[PDB]
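Working notes for the structure below.
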Amino acid sequence: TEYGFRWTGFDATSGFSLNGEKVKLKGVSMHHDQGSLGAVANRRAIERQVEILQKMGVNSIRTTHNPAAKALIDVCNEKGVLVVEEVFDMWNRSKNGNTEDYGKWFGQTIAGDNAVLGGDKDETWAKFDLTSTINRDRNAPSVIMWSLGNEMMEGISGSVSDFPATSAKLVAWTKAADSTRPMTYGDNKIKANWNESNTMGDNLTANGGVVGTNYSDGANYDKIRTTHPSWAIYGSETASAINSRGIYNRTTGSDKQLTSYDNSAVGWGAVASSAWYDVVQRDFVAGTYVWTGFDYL
Amino acid sequence: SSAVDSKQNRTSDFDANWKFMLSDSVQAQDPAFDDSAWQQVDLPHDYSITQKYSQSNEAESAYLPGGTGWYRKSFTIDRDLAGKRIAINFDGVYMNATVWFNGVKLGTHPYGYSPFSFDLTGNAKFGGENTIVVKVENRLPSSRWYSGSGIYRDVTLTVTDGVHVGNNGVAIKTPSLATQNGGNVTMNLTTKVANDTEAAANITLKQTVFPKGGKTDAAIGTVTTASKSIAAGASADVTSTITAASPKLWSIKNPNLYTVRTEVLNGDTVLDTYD
Ligand code: NA
């Protein structure tokens, strides 16, 4: 088994550190496809992405919103890129009218005569798939956190009452599977100060975890800090600037394209300069995972 | 403004990019109201002076009509002002003003010559589009001389932390100046401090007197008050004394001016600065 010697720290006040040296998490979110190759996880294609990312100054990748191919883990191990490995997007509720997404299966039990192997099978699929990923990557120096979900309460139908209890279940399963890494998630409801988000973030922190906020600005980072002094936080998903390559005849956001000037972002996000400015000024914001590093299908 | 965000000055010019309509039948307080055919105007603005003279009006007030005028301004408040307080200040509106913000009626003000204000905080959309509306009703005859009509003086926005000096919140007295002139002069101050947060504040004031324009390096007196707890949602008058070292007199031939600056501290950090 491949191994590397390192330790990390997340501090509520001063942010992230690697082997005792303070370090900014200069990260991108990456989806899994490889462009014209479709979903095929070809090793050189994946390596080429990491190379191009590194030349930009990237030192970290968030595998949004699902386990990485082993090939990525291999490459980051050799290249020195810090990986936040995300396991899930939705939990037990489907998003965006996607009636056959994993929201259907998350909380289903596993048949006794189903011989599938890789993780624990004594509870639900969520436990099996969570443990199976951790089992695969528990020794990899590159992986520094397990992310347990993303915007779990977004795009779904019905009450969010049961979500705090589900989060705690996942946090307990992770701590029991691997005691050596913090767990985390990306929550977009923190910026809205939902009751469930406060409960969930407090439970993260109580188990040695780190809280990811999606799409907070500077003013909101500050509110989080004052409201939750015990949280160690970072921007788990940032910017969502929207741009085409090579478009100059307008600087603001007919040809079905968008300006290449950094003056265009989705309503909930921010342009690149803004999302960076807000983070780099704040030692207590450990870093940023920009949405996204590569365009995806 | 077209957009409000940090960091404009605490008090900033709000005169630009309004829309105006003269009509005593229109009802245009809703933010979704179509004002695309309205005039674009910068304030200060007088809508009597643009109308025609008429023998049906009064010689007393220059034979010019008054009337009902509506002012609309749509502007963005950026997300970065989220926990801040926002107020709009009118140095004068002639007369009978009615003010709405995002569709909510805030209140009214009859007198055409006195300054007034409205807190906008409770109705603001942070990180969105906002619409302030002012209805003005100069119903004639209201004056012995030409009054004019509308928002004829400047308009400002005031943006502050939850802990802040109140509106016009410092009073200064120098009751022994005549005797103390040329030596140490006793300034007796009273400062209203408001705590519009949900927790008690440990408040000290750092007050400085220095020549206008003008840096704090050249102060002639400062004081720091003892810590006073002001409860969440409460305000208090805070008395303080500044000993001013031989201030220069304000006279007709030499009108020396000073800035008196108030910094509000809670715990160890400055949250508000009032000159
Ligand atoms: Na791609």
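Every chain is numbered from 1, with letters handed out A, B, ... down the list of sequences. For ligands, and for the atoms within them, numbers begin at 1 and follow the listed sequence.
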Acceptor/donor pairs from residues 109-121 of chain A side chains to any protein atom, 3.5 angstrom cut, sequence neighbours excluded:
unit_1	atom_1	unit_2	atom_2	d
A/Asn114	OD1	A/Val116	N	3.1
A/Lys121	NZ	A/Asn114	O	3.1
A/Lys121	NZ	A/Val116	O	2.6

Is the positively charged end of A/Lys189 above the ring of A/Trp194, judged by distance under 6.0 angstrom from the centroid and angle within 45° of the axis?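 Output yes; distance and angle both within limits.
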Please tell me if the side chains of [X] and [Y] come closer than 4.5 Å, counting only heavy atoms from C-beta onward.
{"X": "A/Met30", "Y": "A/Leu53", "result": "yes"}
{"X": "B/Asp30", "Y": "B/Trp100", "result": "no"}
{"X": "A/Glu151", "Y": "A/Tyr215", "result": "yes"}

Distance below 3.0 Å from the Na ion (ligand 1): how many protein N/O/S atoms qualify?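 Those protein atoms number 2 in total.
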So among A/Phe128, A/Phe88, A/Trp125, which one has a ring-ring contact (aromatic ring centres under 6.0 Å, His included) with A/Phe106?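 Of all the options given, the one that passes is A/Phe88.
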